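Please read the structure below before turning to the comments.
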Amino acid sequence: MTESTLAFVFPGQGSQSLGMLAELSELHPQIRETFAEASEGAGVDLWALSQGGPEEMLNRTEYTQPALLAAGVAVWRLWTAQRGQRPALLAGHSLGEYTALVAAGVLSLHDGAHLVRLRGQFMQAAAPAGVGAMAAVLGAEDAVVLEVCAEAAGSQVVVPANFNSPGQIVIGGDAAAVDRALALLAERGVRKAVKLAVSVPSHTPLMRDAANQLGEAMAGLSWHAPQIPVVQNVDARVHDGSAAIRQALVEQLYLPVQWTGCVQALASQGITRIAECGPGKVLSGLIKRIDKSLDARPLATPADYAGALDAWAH
């Protein structure tokens, strides 16, 4: 049943695309039914939005979140149904963490979808138009980005928001503070740093109150014991029991995603194989930079899926 060297990871914001899973859904009627079930909790038709648009709504986080959770759980159910090996550990990036919890049996898909729709709304409302920004900084040292953020802040907020791989940090916060940080890094030679299209400043102190709203939303739902442990982003550790798992999710929102740490924690626990379970191949790319010995494969397309099943079915 469970294969001890195998982990599944679940992508988050940035990984959606118009038509995601189109080609797998043509082969597997379960995919759309999974989207319909997610759609009931989310209150939007996630399949119609993600296949037909409008892309502008798809890219808006209260919609991207439940669509990506539906997508990740659709690929999970397909893999499970087709008797692929069961992973020993799960993790997911930001939103992906909720997908991992749905896969572990902690939340029903319906609740998960309702929950991340709400999470998206709470995060969007925490920073209205032009208030926030996020920027990917490529090739610098953690220490320097962290000291540069402290220098640029002033009275505003700018902080590391994703630790994604060595030489990839996302910073975010107040738009003017993010801009000052980039100017400071540019002055220091870094210069490979781009503003991201989604402006919501996730994983900074501007999400602090939105996290209290999230915690209260969580506390009305049933949480079940996980069937596979989930390595969580706030601290790259598995948490025991409902209260601790919800607490790590409240803290996730306003503190940085420790992606490098989550992946290193998996490797430390005997994981040598990783399936990216949902659309795109973002996490696979990051994994390749964190630890080049890990065998990372995406599952979001018919050829990738079939390639992974052939190599890892039990």
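Residue numbers (UniProt numbering): 1 to 314.
C-beta: ideal position from N, C-alpha, C; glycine also.
Where the beta strand (DSSP E) through residue i begins and ends
i	result
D295	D295 to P298
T5	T2 to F10
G173	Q168 to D174
Residue i and residue j closer than 8 Å at C-beta
i	j	result
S94	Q13	yes
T2	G270	no
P205	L27	no
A140	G167	yes
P66	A42	yes
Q85	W312	yes
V9	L283	yes
Neighbourhood of residue i by C-beta, 7 Å cutoff - its chain only, sequence neighbours within 5 removed
i	result
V250	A211, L214 and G215
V102	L69, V73, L109 and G112
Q82	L309
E62	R117, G120, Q121 and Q124
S155	none
Straight-line gap, residue i to residue j (C-alpha atoms, nearest Å)
i	j	result
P229	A244	13 Å
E187	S165	23 Å
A153	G92	29 Å
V144	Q252	23 Å
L107	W79	19 Å
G189	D179	15 Å
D209	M123	9 Å
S293	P128	42 Å
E276	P298	5 Å
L146	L196	19 Å
Cut-off 8 Å between Cβ atoms - residues of its own chain near residue i, not counting five sequence neighbours on either side
i	result
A175	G130, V131, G132, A133 and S199
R246	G215, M218, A219 and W223
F163	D142, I169, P256, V257, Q258, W259, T260 and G261
Given residue i as reference, the closest of the options once Cα atoms are compared
i	options	result
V194	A181, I274 and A67	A181
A22	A127, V9 and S50	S50
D142	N233, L107, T260 and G154	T260
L255	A127, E26, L46 and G173	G173
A125	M207, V238 and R273	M207
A300	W76, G43, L185 and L46	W76
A48	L185, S222, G19 and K192	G19
residue 315	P128, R117, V158 and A150	Residue 315 lies beyond the residue range present for the chain, which begins at 1 and ends at 314; the question has no answer from this structure.
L286	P279, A296 and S202	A296
Beta-carbon contacts of residue i that lie in its chain and below 6 Å, excluding the five residues immediately before and after
i	result
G105	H224 and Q227
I290	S165, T260 and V263
Opening and closing residue of the alpha helix (DSSP H) in which residue i lies
i	result
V106	Taken as a continuous stretch (DSSP letters only), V106 belongs to no alpha helix (DSSP H), as it is neither H nor E.
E141	Where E141 is concerned, there is no enclosing alpha helix (DSSP H), given that its DSSP letter is neither H nor E.
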